[PDB]
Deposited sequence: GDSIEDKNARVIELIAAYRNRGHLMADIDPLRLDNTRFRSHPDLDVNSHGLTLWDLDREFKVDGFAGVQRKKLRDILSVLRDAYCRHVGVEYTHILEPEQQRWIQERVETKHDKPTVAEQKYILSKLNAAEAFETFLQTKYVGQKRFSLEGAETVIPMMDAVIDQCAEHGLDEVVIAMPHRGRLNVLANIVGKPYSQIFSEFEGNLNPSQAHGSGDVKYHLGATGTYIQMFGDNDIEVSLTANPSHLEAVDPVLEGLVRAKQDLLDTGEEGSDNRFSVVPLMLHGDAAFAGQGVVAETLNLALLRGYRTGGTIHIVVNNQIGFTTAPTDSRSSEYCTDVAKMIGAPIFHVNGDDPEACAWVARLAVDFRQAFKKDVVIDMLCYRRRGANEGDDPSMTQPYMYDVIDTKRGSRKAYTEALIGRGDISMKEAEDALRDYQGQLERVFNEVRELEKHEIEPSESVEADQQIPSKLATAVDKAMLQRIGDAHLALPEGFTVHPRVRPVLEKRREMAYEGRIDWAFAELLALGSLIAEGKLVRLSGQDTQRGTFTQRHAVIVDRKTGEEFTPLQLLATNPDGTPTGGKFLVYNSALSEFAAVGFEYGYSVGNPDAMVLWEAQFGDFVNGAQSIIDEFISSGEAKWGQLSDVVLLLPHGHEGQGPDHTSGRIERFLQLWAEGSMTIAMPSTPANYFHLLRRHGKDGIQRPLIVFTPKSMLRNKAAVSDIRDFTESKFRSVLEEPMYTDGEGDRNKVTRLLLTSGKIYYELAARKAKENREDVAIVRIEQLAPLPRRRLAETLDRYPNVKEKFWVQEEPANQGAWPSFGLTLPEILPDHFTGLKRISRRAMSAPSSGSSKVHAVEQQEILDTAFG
């Protein structure tokens, strides 16, 4: 019975010991806190001492929620063993990092006005902790550590972690958002590792999936990780957070949900939460519905270590333990560093206005550096002369940054050959030995061989011809989104599944090998994404940043769901180049079109992307033909320019028999930003008979062309704007001049009056081309608060009303 009380007691400490650990350096919560010499083979006093030291000191360990027994066993074996005391050299090294952090903070708060919001005072221990992460990654012989973080302590991280000189850091608010790169050299090791920091907006947590994509991109380049020869995942994501942001931002859960996915895994992220137990003026009880700000990470069974920021030794030990766990199980580790925010939220803030108790406690708190220096003499680890030299190291570090900053102040063809089209065509039939194709998929493969040799190439095959030819030319092609392998409209079939074994076959991957048998250097990476927009779009944006030579495409189920990724569109994709000098070549594929499927299956919001656009930020397009889409993708991947491309892609037009292209359009043409009717360019049509000109974009062209053909209207011409942004001013002016007898011009669109290209075109076209578009009138749906009507019947009436008005 007494031996059973010991077993229950062991479980109690392992399971719930963290609830009694002395982790809070402020001690704000008061309520928080025989057979002893008999052997059970160790004495009961020694088993309890091991359990109190492991689970109830300055580290709160949460690991019994992990479903993997080997992971639980790994943690308790390393957590319960009696650890060797750190060497005086390691203790002095930790202290020097705390001297540099505090010196940098004192300088930053004294020299400049308006920097209290960015202060790391009360949280300087994050610097020796981050240093231990990076030194441990270098010890494992890893290649790079990429950091993502908020503004708090950023300039401190650049100096004391990234190793950027003060002349670069204080040269000429944007410094808090820019990316950086450096080299970390081991102090007591002979290894080095690249350390980089990614750019981010003020939007807390939005960079989380961006970092993951950047890291995965770098991993695939180094041939490490998921799409690599080795399982080292030699590029480590180090992600910093705030306690209020980590608990309340949905992107955190979405990014955690990507951690073990074949398309998004980076072999585990090291998470550091700077838990200062405050969110601006908000208390944790108003910021989260759980004990810990880190409880979201339990979602993927990640071990969590709550650690007292006033103990830099435990902080550095947990950092190294986190790296080793990540290396052993290729899974996320979360370090909850409990600490405090010495200063207020904004400038001129008296934080005792909203938190009087916390700030009366903080006013009695001596610094982490002073506390650690005093604890070293108390423990007899350092002498008085050594403590004096440490104070002189702090003073010299304080003088150095003041002195250095003082000195700084005083101072292309996209056409492919027939053989290329035929090769991609044949690849759809070059099935592995014994592969069983599903009977409904077999005619698609055969039709693609027929299309490649005989023409009448549809949208779905043209996309694969564009990507296939890029892979054949040595390019890495990454394509992903919801159900992207098959296609939402059962049109892609980039991955085909064996009817009998379930084995996947990727026909385009055969073009990664030249006809002679040698590799091209190209690769096709095609994945079904998780049911996320924010994290998935963020990941793909980050991927194009991490590998600028990659063709990176993200596909929306319907364009209507990309508003769930608005923060990435607004904060990264559309503005990152102008704000940070950070470039991305990410493609967003947005299925768009009025077909009567409702307000959430109709629009990718063209008007919003056109509004976000400014000269040289993005390319926005709605191609009407498969070949033009093929040339758009090939130009985007080969132009040597890093700029996002936004494409409004079809749904019903995928299977429209008029929306097919000839071999000559792929082999002897280029992307055409403005398209005329084939009857004028190739046929016997007379442009001089035209008195009414209809300017349009997308699938409605086919309907307008069908009505023109039906009524035999020689007086009407339909001109297509294929590239919406930048406006193809030169081509649009020279095209329209070919119709001299035009007396009226109309912009025709399916979208309501306040949506589509009209709100920007109606204003821009008469300004950019006043001799051509003065008196431009609109034919569209009436302005609506939704992208369309909920009724198929209303849709059909409205669609006919547009065609009747155009030919009225």
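Numbered from the first deposited residue, the unresolved ranges run 1-5, 39-53, 61-69, 202-215, 455-471.
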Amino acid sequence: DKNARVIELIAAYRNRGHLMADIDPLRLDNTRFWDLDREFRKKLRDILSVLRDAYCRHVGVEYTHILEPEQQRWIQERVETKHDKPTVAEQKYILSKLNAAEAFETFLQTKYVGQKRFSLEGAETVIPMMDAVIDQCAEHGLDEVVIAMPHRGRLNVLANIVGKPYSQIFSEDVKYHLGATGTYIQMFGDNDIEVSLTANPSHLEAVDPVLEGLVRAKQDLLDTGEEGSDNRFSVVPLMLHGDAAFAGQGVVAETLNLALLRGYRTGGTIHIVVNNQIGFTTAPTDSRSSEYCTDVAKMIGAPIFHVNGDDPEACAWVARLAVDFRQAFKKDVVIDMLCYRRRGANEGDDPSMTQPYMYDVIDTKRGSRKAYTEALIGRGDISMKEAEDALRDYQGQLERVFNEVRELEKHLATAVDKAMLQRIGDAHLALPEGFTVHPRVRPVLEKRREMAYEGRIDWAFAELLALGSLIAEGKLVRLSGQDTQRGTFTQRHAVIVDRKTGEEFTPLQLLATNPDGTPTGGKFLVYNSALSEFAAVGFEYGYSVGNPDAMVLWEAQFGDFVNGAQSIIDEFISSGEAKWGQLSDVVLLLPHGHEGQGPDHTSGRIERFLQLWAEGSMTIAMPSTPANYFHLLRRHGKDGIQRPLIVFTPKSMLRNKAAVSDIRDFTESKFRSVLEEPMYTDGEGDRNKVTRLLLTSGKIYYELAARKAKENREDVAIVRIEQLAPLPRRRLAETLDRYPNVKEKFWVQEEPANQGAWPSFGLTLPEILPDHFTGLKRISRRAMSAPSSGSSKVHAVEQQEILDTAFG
From here on, numbers count along this sequence of modelled residues.
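Comparing the deposited coordinates for 365-373 and 199-207, the stretch with the larger average C-alpha B-factor is 365-373.
Taking the PDB entry as given, 339-347 carries the higher mean Cα B factor of the two stretches 339-347 and 241-249. Considering 66, 753, 742, 748 together, the PDB entry gives 742 the largest C-alpha B factor.
Of all the options 418, 262, 216, 643, the entry's greatest CA B-factor is assigned to 418.
Ranked by Cα temperature factor within the chain, residue 360 sits in the middle third according to the deposited record.
Annotation for residue 107: C-alpha temperature factor in the highest third relative to the rest of the modelled chain, per the entry. Sort the modelled residues of the chain by CA B factor and residue 797 lands in the middle third.
Compared with the other modelled residues of the chain, the Cα B-factor recorded for residue 176 ranks in the middle third. The PDB entry assigns residue 478 a C-alpha temperature factor belonging to the lowest third of its chain's modelled residues.
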